[PDB]
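Understanding the architecture of this molecule
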Amino acid sequence: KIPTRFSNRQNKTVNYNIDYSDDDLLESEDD
Amino acid sequence: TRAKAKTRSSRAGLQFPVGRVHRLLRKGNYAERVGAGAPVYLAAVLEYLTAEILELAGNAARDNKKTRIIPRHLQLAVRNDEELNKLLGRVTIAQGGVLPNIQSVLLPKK
Amino acid sequence: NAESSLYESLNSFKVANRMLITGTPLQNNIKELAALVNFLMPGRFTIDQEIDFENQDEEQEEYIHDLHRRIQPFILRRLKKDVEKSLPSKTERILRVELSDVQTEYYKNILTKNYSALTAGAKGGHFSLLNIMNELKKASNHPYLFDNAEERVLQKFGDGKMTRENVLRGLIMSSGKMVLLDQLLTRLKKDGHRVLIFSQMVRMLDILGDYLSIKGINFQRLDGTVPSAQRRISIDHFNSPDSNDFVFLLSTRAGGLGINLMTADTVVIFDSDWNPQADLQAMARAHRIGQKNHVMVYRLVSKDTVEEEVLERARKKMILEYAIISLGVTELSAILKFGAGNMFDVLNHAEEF
Amino acid sequence: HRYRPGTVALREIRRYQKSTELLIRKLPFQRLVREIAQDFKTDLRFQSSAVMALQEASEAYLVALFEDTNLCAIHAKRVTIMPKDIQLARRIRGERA
Amino acid sequence: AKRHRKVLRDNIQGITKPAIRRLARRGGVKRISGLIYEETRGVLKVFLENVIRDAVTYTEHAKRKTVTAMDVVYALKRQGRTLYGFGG
Amino acid sequence: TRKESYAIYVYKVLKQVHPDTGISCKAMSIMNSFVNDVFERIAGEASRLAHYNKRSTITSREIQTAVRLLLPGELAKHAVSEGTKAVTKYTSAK
DNA sequence: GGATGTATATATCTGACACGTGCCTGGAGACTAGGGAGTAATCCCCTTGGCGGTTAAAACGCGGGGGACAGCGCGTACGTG
DNA sequence: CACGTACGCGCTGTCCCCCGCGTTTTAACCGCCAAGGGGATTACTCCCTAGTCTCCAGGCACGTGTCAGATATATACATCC
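Residues numbered from 1 in each chain as written, not as in the entry; some residues may be left out. Chains lettered and ligands numbered in written order. Part of a larger assembly, values for the part shown. Heavy atoms only, no water. Residues with missing side-chain atoms left out of burial classes, pairs and counts.

This deposited entry lists cryo-EM as its structure determination method and 2.90 Å as its resolution.

Shown next as structure tokens:
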């Protein structure tokens, strides 16, 4: 449920989402 | 009056095995004498490093909508943290891939 | 095979009634029949004990009779001689021939490993002695199967001129099997017969194909590298009534049972298989229903080589199939003593276990 | 409808940096490993995990080499990598030194 | 003429052109010159022969003919290219 | 054959930091290799520290200096803290 | 009168958990020797703040010209289907 | 393998900034106190603690039975044409 262990290191929050979308690259694609 | 065989890891408040680290230090051909607090200290250090990487890998699995840590999550957790990146910069992780990074020269025009 | 993925693919199906169609229920060992009857009857049959030929025990014969009487209503077999009483007889002949000196020196170089002598004049020196039995079979078949082996024969005894005449002589005299094969080809050429030659390795098929190409004999070939369209072309060209083809080469384990060889008469097994059912379907390509000629099989065996225990295991499997399978259609101690013992106008095309 | 030259390469860059599969086929790599191994001695057997570990080592080494090569090509005011970029990277690393 | 050798020698060309292109796409390379592939094949051959020579030395210390994965791990470890996922 | 690994200890550490997150076998082998590699590095550095100071024993000071040398920056000082507190608890107890 | 969407009940997958068992490896207790802590002496090296004198290296200024960089053409080599 | 077009490369201008040289400063370097602490050895003493040994017991690994949540059907009520 709730984590019993945490990190005291003040490292920055990193977005780990490696999912990508090619919607911005549609200028040379079919759009 | 051998009271219930209290383990060293539970005495030290650790989860990593203190006595097994002591046995590996004694049989590892490092020195012919090993102090009492050295396996406690080393087990605590190994536990802390394992906990830090496992926490970042769990965060990386959470951001990828996964409930099971794969080597890709470990690679992302190691490479996105700069202190772990210069701890394991000479280390290959199998089935880990690379960080998604594109140089800004190669980006198109707008 | 019980551990093959098709077994778990088919055994998990929700099926009330199953049925298996085959021609060879026993191929190598009783575990194949055990897997088949476990696919048929799950848990009812409990065949676990193997058959030891070098035991001669009465309880083993009782086990054999129990395996007979247990599967009497579950197995239906009809032989090709019990029905359609017009089939010509099929005779097989085992020919054992002396090795050449090149074959003997390659055999003693492989068996008593001689890497310095095995490389010798080879520039690369990449001789692999993994799978010792496979290298012994290659040495028993032909010395030219090995790399950098033809030029040592050509430069030292054939004088190395390579002027279209000494190469055929080198292929004839390099192996001890191709002198008898050449005599058989000349005898079947001067008579009215067509011959198929079955081989286990397609490199030996290449050797025979190059030999027949430089001989001047219209030959055809079929192996796994040939696609199905060219296989159909080769079969329709060989089975044509106006065919100029004389000899047809086969890889043994290719094409299944759907290959048509009505025009063939003689079958030459160059390489014996570990599974005798593969050889049975090999000379059964010409010995089907409707053959107009007496089918004759010549088996080419190297003397005092690795192929003798290959024939020993093949005859042990044939004795096993004649014991369990052939006696349970629709003297056991005698056939057990026959299977327990070791075995070890000559090319005439004319003529219980 | 034809595409501009470069957006397909960017799509493959964004695609292959996400997935972690091996980009070299198994059988040519096994044949290459056996050919390279057989000159040191003959008759070498190979575990499957050994060839797999060699494969991921080659993957990581060559991907890191192409990152250094791309940085050399960008530093030379180019977007096309050349063998001079490869030999420049290996030297600064010390492989050609 | 059906004559050919059993041992194949062009397996360095078995690392094909689209495989090297996929490797450079993972490396973030947009454009590839035509002379890249032979240099990449030579570099791969040099790296592979270094690692395989060390692994064969590790194997024949153990008096074995089979190259295990742990020998490859040790051979990569000695050169400073340590690999995870096979040590245990 | 009882094959030694660090499986259950890394698993309980994972359940401490993430109680609802699982792990795969390849990731577990990677974590085991990481723990073995870090243990080997710290033990070798501590053995060298004992050898340079003409000391035949390895105590908590050698492991502490090995952590301060090998682990870079702030990761060292928190790891040094975490170990140092544990030795204090174990002394209170044994 | 036939055909279609939603709602509760039962069989099956699936990872996790309770129990069993071996066994072997870690822990408890006792003993001992030696490694390391502590002390004293001796002597050489380092620290911080000064001085004097030499002198070669560092700093500064200025002309100029060689090289970095931007722009343009082109043709070919690489991307794309 | 065919097409097509983008980019690597060659050429030219231009301006700017680095290099060469002369002159002036300045601090590095070498040689000096002035005392005092740090540290490397040599020798000695003492005592705590880790190795060693014996014995035992529970933690870990394996195997297996079950169990609660997730998934897939079985049948009944409401509803469109």
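The complete set of buried residues in helix 1 (residues 7–17) of chain F reads F:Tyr9, F:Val10, F:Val13, F:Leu14, F:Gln16 and F:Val17. What you see down the axis of helix 1 of chain F is that its buried residues fit within an arc of 155 degrees, all on one side. Buried residues along helix 1 of chain F sit in contact with helix 2 (18–27), helix 3 (37–63) and strand 2 (68–69) of chain B together with strand 1 (22–23) and helix 2 (25–52) of chain F. (Buried < 20%, exposed > 50% of the residue type's maximum accessible area, 1.4 Å probe, protein only. Helix = DSSP H or I, 4+ residues; strand = E, 2+ residues; numbered from the N terminus. Arc of directions from axis to C-beta. Contact = heavy atoms within 4.5 Å.)

What follows concerns the nonpolar core. Generally speaking, a soluble globular protein has its nonpolar side chains buried in company with each other. If you look at the biggest cluster of nonpolar residues, it comprises 71 residues, and the most contacted ones within it are B:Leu54 and F:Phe34. Listing elements by their share of this core, those giving two or more residues are helix 2, helix 3, helix 4 (71–80) and strand 3 (91–93) of chain B together with helix 1, helix 2, helix 3 (60–70) and helix 4 (74–93) of chain F. The biggest single contributor to this core is helix 3 of chain B, with 17 residues. In this structure, B:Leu54 is in contact with B:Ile69, F:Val10, F:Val13, F:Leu14, F:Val17, F:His18, F:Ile23 and F:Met31, ignoring residues within four places of it in sequence. By size, the runner-up hydrophobic cluster in this structure holds 52 residues, among which are B:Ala94, D:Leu23, D:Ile36 and E:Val56. (Core = buried A, V, L, I, M, F, W, Y, C linked by side-chain atoms within 4.5 Å.)

Residue-level contacts link 52 residues of chain B with 56 residues of chain F. Of all the secondary structure elements, the ones that give two or more residues to the side of chain B that touches chain F are helix 1 (8–11), helix 2, strand 1 (33–34), helix 3, strand 2, helix 4, helix 5 (82–85) and strand 3 of chain B. Ranked by residue count, the leading element in the side of chain B that touches chain F is helix 3 of chain B, at 19 residues. In terms of residue class, the side of chain B that touches chain F is made up of 32 nonpolar, nine polar and eleven charged. Bridge analysis of strand 1 of chain B against strand 2 (residues 57–58) of chain F gives two bridges, and the strand direction is parallel. Counted as the bridge partner of B:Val34 is F:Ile58 from strand 2 of chain F. (Nonpolar A, V, L, I, M, F, W, Y, C, P; charged D, E, K, R; others polar. Pairing = 2+ DSSP bridges.)

Now for the side chain of C:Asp279. All names here are of chain C. Looking at the secondary structure, you find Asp-279 in helix 12 (residues 276–283). Look at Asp-279 and you get buried, because its relative accessible area is 3%. Polar side-chain contacts of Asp-279 include one of 3.1 Å to the backbone nitrogen of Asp-273. Discounting residues that sit within four places of it in the chain, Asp-279 has contacts with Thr-252, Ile-269, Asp-271, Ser-272, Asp-273 and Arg-299. (Polar contact = N/O pair within 3.5 Å; in protein donor to acceptor, adjacent residues only side chain to side chain.)

Another aspect to go through is a nonpolar patch on the surface. Residues and elements named next belong to chain C. Taken together, the side chains of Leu-6, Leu-10, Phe-13 and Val-15 make up a nonpolar region of the molecular surface, amounting to roughly 380 Å² of accessible area. Among the secondary structure elements, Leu-6 is positioned in helix 1 (residues 5–11). Judged by its relative accessible area of 58%, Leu-6 is exposed. (Patch = residues over 30% accessible without salt bridge, like charges linked within 9 Å, V, L, I, M, F, W, Y side chains within 5 Å. Areas by Shrake-Rupley, 256 points an atom, 1.4 Å probe, with all protein chains shown as cover. Salt bridge = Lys/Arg side-chain N within 4 Å of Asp/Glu carboxyl O.)

Residues in contact with DNA strand G amount to 27 residues; listed here are only the nearest, B:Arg11, B:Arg23, E:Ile32, E:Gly34 and F:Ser56. Of everything in DNA strand G that lies within 4 Å of the protein, sugar and phosphate atoms constitute 88%. A distance of 3.0 Å separates a base nitrogen of DNA strand G from a polar atom in the side chain of B:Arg2. In the environment of DNA strand G, a phosphate oxygen lies 2.8 Å from a nitrogen or oxygen atom belonging to the backbone of D:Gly6. Those elements giving two or more residues to the surface near DNA strand G turn out to be helix 1 and helix 2 of chain B, helix 1 (7–16) of chain D together with strand 1 (31–32) of chain E. Counting residues per element, the surface near DNA strand G draws most heavily on helix 2 of chain B, which supplies three residues. (Near = heavy atom within 4 Å.)

Turning to the packing of helix 13 (residues 307–325) of chain C against helix 14 (residues 332–340) of chain C, a few remarks are in order. Each pair of packed helices can be described by the angle between their axes along with the distance between the axes. Residue and element names in this part refer to chain C. Where helix 13 contacts helix 14, the two axes come as close as 9 Å, and the packing angle between them is 170 degrees. One finds that helix 13 runs roughly antiparallel with respect to helix 14. In this structure, helix 13 uses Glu-312, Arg-315, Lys-316, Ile-319 and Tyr-322 to contact helix 14, whose residues at the interface are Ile-335, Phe-338, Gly-339 and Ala-340. Classifying every residue of the contact of helix 13 with helix 14 by side-chain character gives five nonpolar, one polar and three charged. (Axes fitted to C-alpha atoms, helices over the stretch in contact; angles between N-to-C directions. Parallel < 35°, antiparallel > 145°, perpendicular 65-115°, else oblique.)

This next bit is on the arrangement of the chains. Separating chain B from chain C is a minimum C-alpha gap of 27 Å, and the two share no contact. Between chain D and chain F there is no contact; the minimum C-alpha to C-alpha separation amounts to 13 Å.

Moving on to the pattern of salt bridges. Taken as a whole and judged by the stated rule, the model has 35 salt bridges over all chains. The salt bridge involving C:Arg232 is made with C:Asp236; its shortest N-O contact spans 3.0 Å. Separated by four residues within a single helix, C:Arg232 and C:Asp236 lie in helix 11 (residues 228–238), roughly one turn from each other. Among the residues examined, C:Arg232 registers a relative accessible area of 45% and is labelled partly exposed. Between C:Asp279 and C:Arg299 there is a salt bridge; the shortest N-O distance is 3.8 Å. On the criterion of sequence distance, the pair formed by C:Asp279 in helix 12 and C:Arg299 in strand 6 (residues 295–302) is long-range, its members being 20 residues apart. Salt bridges here are not isolated pairs; linked through shared partners, they connect D:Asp68, D:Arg90, D:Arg93, D:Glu95 and E:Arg81.

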